[PDB]
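S.K.: One structure follows; several queries about it will come next.
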Amino acid sequence: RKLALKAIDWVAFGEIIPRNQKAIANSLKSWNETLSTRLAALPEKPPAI
Amino acid sequence: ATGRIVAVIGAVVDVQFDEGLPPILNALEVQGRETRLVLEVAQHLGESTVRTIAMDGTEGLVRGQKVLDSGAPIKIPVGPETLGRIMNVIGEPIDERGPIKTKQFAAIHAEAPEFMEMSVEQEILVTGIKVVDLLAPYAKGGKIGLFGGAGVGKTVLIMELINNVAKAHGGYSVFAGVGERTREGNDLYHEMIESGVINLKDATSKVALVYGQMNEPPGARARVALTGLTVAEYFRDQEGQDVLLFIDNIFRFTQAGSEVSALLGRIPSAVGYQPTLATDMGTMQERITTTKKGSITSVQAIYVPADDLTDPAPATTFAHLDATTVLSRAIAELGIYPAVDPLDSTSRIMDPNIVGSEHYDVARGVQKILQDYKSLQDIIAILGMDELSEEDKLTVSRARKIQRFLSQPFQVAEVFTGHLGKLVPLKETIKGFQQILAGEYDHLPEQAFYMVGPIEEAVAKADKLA
Amino acid sequence: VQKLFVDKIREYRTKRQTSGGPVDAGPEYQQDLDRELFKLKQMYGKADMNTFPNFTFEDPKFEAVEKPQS
Amino acid sequence: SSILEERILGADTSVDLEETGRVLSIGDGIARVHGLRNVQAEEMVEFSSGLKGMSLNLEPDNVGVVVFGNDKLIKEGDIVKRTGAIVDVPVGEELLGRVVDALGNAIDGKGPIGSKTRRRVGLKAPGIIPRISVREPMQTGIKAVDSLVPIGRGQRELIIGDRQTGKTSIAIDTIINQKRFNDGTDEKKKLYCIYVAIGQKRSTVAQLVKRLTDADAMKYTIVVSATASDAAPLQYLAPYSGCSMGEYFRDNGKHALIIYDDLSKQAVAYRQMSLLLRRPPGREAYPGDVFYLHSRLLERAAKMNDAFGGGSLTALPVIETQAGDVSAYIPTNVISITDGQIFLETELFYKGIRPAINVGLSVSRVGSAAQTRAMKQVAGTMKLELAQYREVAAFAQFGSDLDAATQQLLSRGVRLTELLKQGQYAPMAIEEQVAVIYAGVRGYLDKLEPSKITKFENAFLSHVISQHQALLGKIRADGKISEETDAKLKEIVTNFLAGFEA
Ligand SMILES: Nc1ncnc2c1ncn2[C@@H]1O[C@H](COP(=O)(O)OP(=O)(O)OP(=O)(O)O)[C@@H](O)[C@H]1O
Ligand SMILES: Nc1ncnc2c1ncn2[C@@H]1O[C@H](COP(=O)(O)OP(=O)(O)O)[C@@H](O)[C@H]1O
Ligand SMILES: [Mg+2]
Ligand SMILES: [Mg+2]
């Protein structure tokens with residue numbers, strides 16, 4: 001079951017504060033939510049033949 | 001196998017045999033007439049006596065007049081030579097172009113398909129009408145009803161679903177006329193000859209026709225609907241095609257079945273109908289199915305008596321449909337044509353996984369703004385518009401731009417008003433209602449959203465008036 | 001009716017003498033078993049006998065983020 | 001092939017003297033039979049061609065008989081035989097996972113059902129001694145049902161409303177939602193289900209077996225089916241046959257559930273069948289005993305005491321009404337047999353409340369209040385906070401401004417109204433319900449926007465099943481939401497609210 005964990009990084013991760021680059025992080029967590037549970041149902045193994 | 005007439009009441013001839021009683025729903029041949037008179041056995045009244053229902057007129061019959069037994073039900077000639085020909089209840093050519101020569105014959109009465117011959121697969125049949133594409137999408141292989149009073153548009157709407165679906169169809173087609181007027185059944189012959197669907201000269205015709213109109217005796221209108229239903233089953237089970245089927249009007253299968261039920265000796269049920277109102281309907285409608293051998297795409301026009309939807313004859317048809325298009329009278333007093341009730345029309349495929357999750361949210365989100373205009377009509381009628389809030393002067397002005405943007409000019413209605421019939425695609429209605437729900441057109445008036453096609457004509461009509 | 005019990009077994013054994021499928025098919029069983037064999041493939045799909053899955057997938061390209069900082 | 005030959009050697013050709021009555025008439029299903037001396041009432045008689053029928057009227061000259069099938073193979077002068085048995089259907093657990101007709105013959109084609117015991121369709125409801133009160137819950141997974149209008153086990157609850165409002169879907173999320181107990185370990189949390197389809201076309205009942213087989217729901221139900229094509233004495237016999245397979249469970253220990261879809265189509269099959277027997281009409285040409293027709297059905301839904309087995313039999317009758325009028329003849333006769341109701345409307349469905357339950361009118365004799373212990377905490381206060389809302393929240397025209405006074409309370413309702421909405425064929429659990437209801441009443445949502453709470457729910461729910469699985473297992477096991485369990489949830493909602501929208 002090849003799967004990685006992470007840290008709790010949701011609070012200030014949208015507060016990256018680029019040169020008015022709010023969309024850089026506001027799109028970044030938006031990719032982060034959908035990719036998490038969807039790749040979890042990929043990571044372990046295929047079913048029986 | 002012979003017998004004599006004993007009693008005659010209207011269209012219920014009594015007949016006594018001597019040996020060889022015919023089983024129920026045989027055919028009997030009355031000897032000594034100029035035309036063909038076929039009697040179909042209904043009952044068995046005891047001690048060698050049957051009670052029959054006649055297909056043509058019974059005037060001129062005397063008692064003792066002989067009656068001969070066929071041996072079989074009403075059979076009609078079915079096959080690929082039936083296309084381009086008009087028939088009646090017993091299957092004789094009434095186009096005066098000569099006989100119909102097929103290799104096989106099909107009885108009028110057959111059973112229903114089983115449980116394990118059903119097909120569940122659903123799709124979407126895009127038509128080109130905004131009210132039907134958005135709010136209540138039709139399927140490809142399911143029954144459709146068009147409920148309406150008298151003078152609302154149940155057949156101008158059915159002349160569109162031929163003009164949009166029977167042109168781009170690949171398989172065959174079957175039309176049936178049950179109890180509606182005869183000049184309309186003549187303008188379907190002189191509009192399918194001109195437009196290449198009927199070919200008088202060779203075998204390249206697509207549609208079949210079957211006709212019993214509102215001049216017949218009521219033993220014929222009660223059985224003409226089982227005739228076009230049989231020519232549209234050979235093209236399903238034995239040829240394997242994808243057939244259409246247009247029925248107008250299917251109420252007269254039932255209106256003319258409570259005119260011969262009084263004289264068979266039966267106590268009447270509620271408001272005057274026969275005791276068996278909803279078993280003969282569930283035996284005619286249970287054969288109009290998509291199955292594992294073909295697919296019939298029904299479109300039936302249904303009449304509601306005296307503009308009442310709780311009457312027992314319309315309100316038992318509802319369990320046999322998939323889509324539903326309840327039309328209305330008070331809508332059509334405003335001018336919204338097709339006068340479809342957006343709140344009363346359903347489907348079984350309006351679903352976010354089938355119709356697509358973007359479309360499903362413009363669907364449910366435009367009913368929400370339409371209900372909230374209805375729920376304030378008590379206060380607006382008495383008090384006024386001017387005693388409302390500012391948020392609820394913005395579900396009133398936005399839901400009067402949406403009602404007007406459901407009326408579309410039809411192709412068959414160019415000859416009435418002189419306006420070009422418009423067909424919209426599916427993807428240009430979802431895009432065109434999200435720009436009324438989000439609030440981009442809140443400066444354009446409401447006379448610009450009226451009787452236009454795609455949404456760019458609404459800003460163009462608004463460009464004209466200035 | 002054991003005299004009928006023997007008479008439906010003995011004309012079942014005659015059916016067990018078969019050469020090519022149907023005995024009295026003619027144009028009937030040949031057309032129907034070919035009409036039905038299409039319908040189990042028509043709305044189902046075009047599939048051969050033993051061909052394996054042949055495709056290729058491309059993943060999302062990992063772009064970078066430019067950031068002058070401090 | 002070996003299968004046809006082995007079916008023909010097992011056939012028994014037994015012959016005996018029958019008892020036999022010549023036919024005198026046949027029309028529209030009724031066969032007045034001369035002869036038949038020693039016949040019983042409600043006996044099953046058998047025509048010559050293979051048809052079957054039930055002799056209702058006895059009379060000195062003739063004997064009225066109605067047919068289970070079709071009346072065109074029957075000619076005057078035929079032969080009617082005697083079976084010798086009041087009408088009975090097979091019963092057992094061996095019918096589980098099938099679709100059957102109204103006399104117990106399979107219409108799915110998986111074969112002959114191997115059944116061993118036969119039980120009448122006209123048996124009697126149990127009296128006053130062998131019952132007990134309603135102790136247990138029945139979870140539907142709907143959130144407007146489980147919190148506000150709970151349903152015990154053994155309680156007749158009426159789903160009433162119009163056409164195309166949600167009456168079938170409400171009773172099919174209930175079939176799906178018991179999947180989690182039926183693969184569990186204890187034999188007293190299961191719920192075996194039964195669906196009775198009366199007056200429905202076969203392109204709805206063959207489509208509902210599809211929706212009940214991807215989710216593997218069909219491995220624990222039975223479908224008794226009498227379609228609109230059937231004989232009118234087969235739509236009359238169907239709920240009395242489906243209810244008699246329910247009482248294999250209840251009279252042996254387990255817990256059953258039964259849906260009649262619907263019971264306004266078991267009445268017009270009694271009006272027609274008993275007008276052609278020349279019985280005089282009552283109101284709307286209904287017979288005299290339509291109240292006795294439904295009442296002798298809805299009283300078998302018992303809850304037995306624990307010295308008999310303790311089993312239960314819930315019932316969920318569906319009723320279609322015309323134009324939303326509840327004062328009709330057949331509605332009011334069945335409102336006053338059931339303990340509680342669920343009033344489904346149309347203006348709720350279209351404004352957006354789906355499942356469209358009128359939570360104001362959906363009264364329920366609460367069933368000894370077997371809601372559950374943790375839901376009592378959060379939906380006890382919810383019931384009052386929603387009731388406080390409905391008295392005061394119907395203006396649509398504002399002139400004055402009282403944000404400290406009124407606008408705080410009506411902001412608690414729209415956060416709890418839009419919480420109550422649900423999807424379709426995805427029913428929740430009870431501890432996944434306690435979590436999402438906790439966050440609504442404890443003020444932890446008044447800083448959102450109401451157009452984002454349906455989006456807030458699924459992101460919340462996916463976070464707790466993934467990261468907090470040992471949290472929810474202490475609510476389901478311990479029953480209550482304890483004070484230290486109140487402590488742990490206080491951070492999780494606020495930690496997620498700190499990083500929800502970013
Ligand atoms: N929870 C839900 N949320 C939104 N829509 C729903 C929900 N449940 C059902 N629907 C939709 O409502 C429509 C009617 O539901 P349903 O078929 O159960 O009504 P019904 O009254 O049983 O129909 P009938 O009158 O034919 O018996 C369906 O199109 C269904 O997709
Ligand atoms: N789309 C439409 N646009 C304009 N007028 C219409 C439309 N549909 C119907 N009408 C009017 O309503 C009438 C409807 O009658 P018709 O559809 O022929 O039969 P029915 O009485 O069964 O509806 C038509 O004569 C026409 O005047
Ligand atoms: Mg018309
Ligand atoms: Mg229903």
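Each chain in the structure tokens gets a letter, A, B, ..., in the order shown, and its residues are numbered from 1; ligands are numbered from 1 in order too.
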Neighbouring residues of residue 367 (chain B) were defined as those with any atom within 12 Å, considering only C-alpha atoms; residues of the same chain fewer than 6 positions away were excluded. Please report them as a ChimeraX atom specification.
M.R.: /B:131,134-136,341-346,360-361,373-374,395,399,402-403,433,437 /D:346-353
S.K.: Extract, using only C-alpha atoms, all DNA, RNA and protein residues at most 7 Å from residue 14 (chain A), discarding same-chain residues fewer than 5 positions from it, and format them as a PyMOL selection string.
M.R.: (chain A and resi 25-26) or (chain D and resi 502)
S.K.: At most 10 Å is the cut-off: for each residue in chain D with any atom that close to an atom of chain A, write down the nearest atom pair and the distance in Å rounded to one decimal, counting only C-alpha atoms, chain first then increasing number, as CSV.
M.R.:
residue,atom,partner,partner_atom,distance
D:459,CA,A:33,CA,8.4
D:462,CA,A:37,CA,8.3
D:463,CA,A:37,CA,9.6
D:466,CA,A:37,CA,8.5
D:495,CA,A:11,CA,8.5
D:496,CA,A:10,CA,8.6
D:497,CA,A:11,CA,9.2
D:498,CA,A:11,CA,6.1
D:499,CA,A:11,CA,4.6
D:500,CA,A:10,CA,7.7
D:501,CA,A:26,CA,8.8
D:502,CA,A:14,CA,5.4
S.K.: Those residues you just picked out, can you put them in a file as a PDB file, in the first residue's frame with C-alpha atoms?
M.R.:
ATOM      1  CA  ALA D 459     -15.810  18.378   3.005  1.00  0.00           C
ATOM      2  CA  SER D 462     -14.923  13.251   4.329  1.00  0.00           C
ATOM      3  CA  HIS D 463     -12.532  14.700   6.910  1.00  0.00           C
ATOM      4  CA  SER D 466     -10.798   9.665   7.070  1.00  0.00           C
ATOM      5  CA  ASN D 495      -9.859  23.469  13.517  1.00  0.00           C
ATOM      6  CA  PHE D 496     -11.717  22.688  10.296  1.00  0.00           C
ATOM      7  CA  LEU D 497     -13.480  26.058  10.313  1.00  0.00           C
ATOM      8  CA  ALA D 498     -10.071  27.715  10.670  1.00  0.00           C
ATOM      9  CA  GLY D 499      -9.018  26.144   7.380  1.00  0.00           C
ATOM     10  CA  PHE D 500     -12.223  25.422   5.473  1.00  0.00           C
ATOM     11  CA  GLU D 501     -12.352  28.291   2.970  1.00  0.00           C
ATOM     12  CA  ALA D 502      -8.838  29.402   2.038  1.00  0.00           C
TER      13      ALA D 502
END
S.K.: Write as a ChimeraX atom specification the residues around ligand 2, taking 9 Å as the cut-off and counting only C-alpha atoms and all ligand atoms.
M.R.: /B:148-159,180,184,248-249,301-303,332,335-339,407-414,416-417
S.K.: What would the file look like if the residues just selected were written as a compact mmCIF listing (two decimals), in the first residue's frame with C-alpha atoms?
M.R.:
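Saved result, result_10.txt, follows:
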# COMPACT_ATOMS: atom_id res chain seq x y z
CA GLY B 148 -54.20 19.16 -22.28
CA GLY B 149 -57.73 20.43 -22.49
CA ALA B 150 -59.57 21.44 -25.62
CA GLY B 151 -57.77 24.13 -27.60
CA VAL B 152 -54.38 24.26 -25.91
CA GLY B 153 -51.98 22.63 -28.38
CA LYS B 154 -51.65 18.86 -27.92
CA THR B 155 -51.28 18.24 -31.64
CA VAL B 156 -49.30 21.25 -32.84
CA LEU B 157 -46.90 19.91 -30.23
CA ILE B 158 -47.14 16.43 -31.76
CA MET B 159 -46.58 17.82 -35.29
CA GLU B 180 -60.00 12.65 -33.83
CA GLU B 184 -56.55 16.54 -39.93
CA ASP B 248 -53.68 11.06 -31.01
CA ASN B 249 -56.01 10.76 -29.23
CA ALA B 301 -51.70 12.88 -26.68
CA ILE B 302 -54.18 12.65 -23.80
CA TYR B 303 -57.38 14.65 -23.26
CA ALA B 332 -52.02 30.14 -22.96
CA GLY B 335 -49.51 33.96 -24.86
CA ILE B 336 -46.83 31.53 -23.70
CA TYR B 337 -46.80 28.92 -26.46
CA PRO B 338 -46.08 25.89 -26.00
CA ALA B 339 -48.25 26.39 -22.92
CA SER B 407 -41.88 30.41 -25.48
CA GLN B 408 -40.43 29.34 -28.85
CA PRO B 409 -41.70 29.75 -32.42
CA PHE B 410 -42.44 26.35 -33.93
CA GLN B 411 -41.83 25.14 -37.47
CA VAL B 412 -45.42 24.00 -38.03
CA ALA B 413 -46.78 27.35 -36.84
CA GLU B 414 -45.18 29.54 -39.53
CA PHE B 416 -50.44 30.89 -38.67
CA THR B 417 -48.50 33.97 -37.56
S.K.: Pick the closest to chain C from B:191, B:247, B:230, B:119: which is it, counting only C-alpha atoms?
M.R.: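 For chain C, the nearest of the candidates is B:119.
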